[PDB]
Amino acid sequence: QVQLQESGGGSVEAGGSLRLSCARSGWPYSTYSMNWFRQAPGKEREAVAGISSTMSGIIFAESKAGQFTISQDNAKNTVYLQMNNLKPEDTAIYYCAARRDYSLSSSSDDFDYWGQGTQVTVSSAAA
Numbered sequence: 001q002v003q004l005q006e007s008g009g010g011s012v013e014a015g016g017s018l019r020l021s022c023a024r025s026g027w028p029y030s031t032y033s034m035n036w037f038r039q040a041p042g043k044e045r046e047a048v049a050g051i052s053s054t055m056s057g058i059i060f061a062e063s064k065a066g067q068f069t070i071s072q073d074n075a076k077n078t079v080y081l082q083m084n085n086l087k088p089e090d091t092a093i094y095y096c097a098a099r100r101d102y103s104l105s106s107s108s109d110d111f112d113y114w115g116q117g118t119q120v121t122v123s124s125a126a127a
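Residue numbering for the sequence shown follows the entry's author numbering, starting at 1 and increasing by one per position.
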């Protein structure tokens, strides 16, 4: 059985940082790509970042150079989403997703395996 186990979310102040982790276990294939998706309140689920067994990580979502960084630890079968300079509009449920195809895809329909979803809430600054 495939499991994608997420960790590392929660509440953060505007401007803060978080690193999400997704540990892949039970993977039956010699290849993969892994994505982080997110679903913000009232919005459709959208791709944030992708990485694969052959390609370095890319960020799909318009952000700013350094807002998101995706990486992986191959020995630990774990993919990471480093988030910096977080803003209220980064509040969302973040999802890990996996598929056999090692190209990079932003389409949720291409992914047959999903993590449980991790809430990230970015509070606002006083004004």
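Beta carbons are placed, not taken as given, at the ideal position from N, Cα and C, and that holds for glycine.
Cβ atoms of residue j and residue i: under 8 Å apart, would you say?
i: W36; j: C96; result: yes
i: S63; j: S33; result: no
i: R19; j: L81; result: yes
Once the 5 residues before and after residue i are set aside, which same chain residues still bring their CB inside 6 Å of it?
i: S25; result: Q3
i: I93; result: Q39, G117 and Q119
Which residues bound the beta strand (DSSP E) around residue i?
i: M34; result: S33 to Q39
i: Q1; result: Premise fails: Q1 is in no beta strand (DSSP E) and is neither H nor E.
i: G115; result: First-last for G115: undefined, no H or E at that position.
i: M83; result: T78 to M83
Looking only at its chain, what residues have a beta carbon closer than 8 Å to the beta carbon of residue i, apart from the 5 residues adjacent to it on each side?
i: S108; result: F37, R45, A47 and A97
i: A125; result: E13, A14 and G15
i: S123; result: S11, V12, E13, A14 and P88
Going by CA-CA distance only, name the one from the options that's closest to residue i.
i: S17; options: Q67, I93 and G50; result: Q67
i: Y29; options: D112, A127 and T121; result: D112
i: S106; options: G115, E89, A127 and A61; result: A61
i: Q5; options: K76, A127 and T31; result: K76
i: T121; options: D101, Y102, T54 and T91; result: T91
Throw me the rounded Cβ distance for the residue i and residue j pair, which I believe falls under 8 Å.
i: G50; j: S71; result: About 12 Å; that fails the 8 Å criterion.
i: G8; j: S21; result: 5 Å
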